[PDB]
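So you can see what is in the structure, the chains are spelled out below.
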Amino acid sequence: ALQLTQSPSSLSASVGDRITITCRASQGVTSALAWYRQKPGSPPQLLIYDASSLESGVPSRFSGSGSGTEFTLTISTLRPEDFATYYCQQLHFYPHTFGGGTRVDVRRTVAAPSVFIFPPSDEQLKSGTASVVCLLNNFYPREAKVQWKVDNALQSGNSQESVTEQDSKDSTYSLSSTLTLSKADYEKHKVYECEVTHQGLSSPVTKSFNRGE
Amino acid sequence: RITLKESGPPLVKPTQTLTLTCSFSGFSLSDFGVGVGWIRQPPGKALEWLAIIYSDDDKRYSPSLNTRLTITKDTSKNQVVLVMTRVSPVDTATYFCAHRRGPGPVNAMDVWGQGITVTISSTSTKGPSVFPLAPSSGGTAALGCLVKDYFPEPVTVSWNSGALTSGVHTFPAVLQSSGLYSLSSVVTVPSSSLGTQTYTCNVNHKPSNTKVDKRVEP
């Protein structure tokens, strides 16, 4: 199947910056490529069509170029409303595939996360399940790694996490990861560890607690 | 002045069939080369092309979903319908229908509908259970509430009846394999205030007429 690869997948920039994003197709698609901007909670919005045509009503900031397998989207002077996700789409070969997208966020100084670990409540244990949560508060950049351990055992497949939208005043992100275990598993072990990796940490930090102590 | 709007049930069972309708105006699917397509987007991912239909009644589908998708059009009512069979939780996403100009401007989907959110779960309307996430010169301690096992979205969380807003982070919910949602809401506060100030999250799940006030402390 034809593949459309967007680079970079993620990009941090500032208002007034000039950025150019790319979309490459595994096979020639002539000029059948469109670029869209998508603000969270809204549908995609056409910016450029036919590879280089500026859609009517779209600000002069945007421009596109390319043909065959190479395509670019450039924004002259990034505006606050440009912090969003952009997608490219090829309509030369069916199915009309979309790229994986490129996330453009507000750049700010690197900030390590404040990490907190929370044991499950006695109230919840009665239900037969134990939820242990790890909070990574106000960090930047967005990329972060959370590793769960129970008595030195790496946990895999039993956790879920969610991240907040970039803070409008802080430009930071926060992340919550929950490790789910049966009440039995929880009572059977003692040390619960949340290990976090992030550019702002010279080394990974581990927050933990002992079910007993 | 082209407009399109998606409609259909926002909830569908893990084996049932999903039926969506796209109502449009400002153009006719009888014109030349005009098309109406469907694009989906799971909350955690990119856009995925589903299918498109043209005036010729010609249709094209995602190869991978070809045996699960059926798209039709009704000239008389200006509507396009998409039928997705054997849905599963992985199909929960926002579905958009869009317009494609006829034969240039044909190389894009110029106008999009607002999109409709479709959740795939075999779950019944259930209120949440609210658990505490207890905290413990220096300052800033974190505390919060775990709002677990509710359905369907959404739920609202406030702190101290809205008196506390600074430092609050309410995370988007995650749909668990159980088909029930779970989200957490936290707030950072000065460690020194733990001994005096009181903190309680106000949870409200309208769908189930469930309101819970959860006092949280060390």
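Per the deposited record, the coordinates in this entry were obtained by X-ray crystallography to a resolution of 2.05 Å.

> When you look at the interface of chain A and chain B in this model, what are you seeing that I'm missing?
The parts lose accessible area when they come together, and the size of an interface is often stated as this lost area. Every contact between the two is made by 40 residues of chain A and, on the other side, 46 residues of chain B. When chain A packs against chain B, the two sides together hide about 3400 Å² of surface, and 64% of this comes from carbon and sulfur. Among the residues of chain A in contact with chain B, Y94, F98 and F118 of chain A are the three that bury the most area, contributing 17% of the side total. Counting the contacts that link chain A with chain B gives two salt bridges. Ionic pairing is found between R101 of chain B and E55 of chain A, a salt bridge with its closest N-O pair at 3.3 Å. Where chain A packs against chain B, one counts 14 residue pairs in polar contact. When residues in the side of chain A that touches chain B are grouped by element, the largest group, five residues, is from strand β12 (residues 129-139) of chain A. When grouped by side-chain class, the residues that make up the side of chain A that touches chain B number 19 nonpolar, 17 polar and four charged.

> Help me out: how do you make sense of the environment of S121 of chain B in this one?
Residue and element names in this part refer to chain B. For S121, the location among the structural elements is in the loop between β11 (116-120) and β12 (129-133). Given the relative accessible area of 6%, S121 is considered buried. Aside from chain neighbours lying at most four places away, what touches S121 is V12, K13, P14, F151 and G179. Here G179 takes part through its backbone oxygen, which lies 2.9 Å from a polar atom of the side chain of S121.

> How should the nonpolar core be read in this particular structure?
One broad rule of soluble globular proteins: the nonpolar side chains tend to lie buried together. Among the nonpolar cores identified, the biggest contains 29 residues, and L18, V36, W38, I71, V80, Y95 and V118 of chain B are the most heavily contacted of them. Among the elements of the structure, β3 (18-25), β4 (35-41), β5 (48-54), β7 (69-74), β8 (79-84), β9 (93-100) and β11 of chain B are those that each provide at least two residues to this core. In terms of residue count, β3 of chain B provides more of this core than any other element does, four residues in total. What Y95 of chain B contacts, discounting residues up to four positions off in sequence, is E6, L18, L20, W38, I39, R40, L50, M84, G115, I116 and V118 of chain B. Core analysis: the second largest hydrophobic core is formed by 24 residues, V29, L33, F83 and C88 of chain A among them.

> So what exactly am I meant to see when it comes to the domain arrangement of chain A here?
Residue and element names in this part refer to chain A. In terms of domains, chain A is made up of domain 1 (1-107) and domain 2 (108-211). Domain 1 puts six residues into the contact, and the matching count from domain 2 is seven residues. Taken over both partners, the interface formed by domain 1 and domain 2 buries close to 510 Å², and the fraction arising from carbon and sulfur atoms is 34%. Where domain 1 meets domain 2, there are zero salt bridges. Taken together, domain 1 and domain 2 are joined by three residue pairs in polar contact. Among the elements that make up the side of domain 1 that touches domain 2, the one with the highest residue count is strand β10 (residues 102-106) (three residues).

What counts and how
- Per-chain numbering applies: from 1 upward along each written sequence, possibly unlike the entry's numbering, with residues missing coordinates excluded.
- Written order determines the labels here, with chains lettered from A and ligands numbered from 1.
- Excluding hydrogens and water, the side-chain values take into account all heavy atoms of the structure.
- Note on definitions: a residue-residue contact is assigned when non-hydrogen atoms from the two residues lie within 4.5 Å.
- In short, buried area is how much 1.4 Å probe accessible area vanishes from two parts on joining, totalled over both.
- What makes a salt bridge here is a side-chain nitrogen of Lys or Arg within 4 Å of a carboxyl oxygen of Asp or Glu, nothing more.
- Residues adjacent in sequence count toward polar contacts only when both atoms are side-chain atoms; beyond that, a polar contact is any pair of N or O atoms within 3.5 Å, and within protein one must be able to donate a hydrogen and the other to accept it.
- Labels follow the DSSP assignment, with helices taken as runs of H or I lasting at least four residues and strands as runs of E lasting at least two, numbered in each case from the N terminus.
- Throughout this entry, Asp, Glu, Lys and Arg are counted as charged residues, while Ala, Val, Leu, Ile, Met, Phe, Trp, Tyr, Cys and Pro are counted as nonpolar. The remaining residues, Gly among them, count as polar.
- Only protein chains enter the accessibility calculation, which uses a 1.4 Å probe; a residue is then buried when its area is under 20% of its type maximum, exposed when over 50%, and partly exposed in between.
- We call a set of buried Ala, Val, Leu, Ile, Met, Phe, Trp, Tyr and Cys residues a nonpolar core when their side-chain atoms join them within 4.5 Å.
- Domain start and stop positions are those given by an automatic or database domain assignment.

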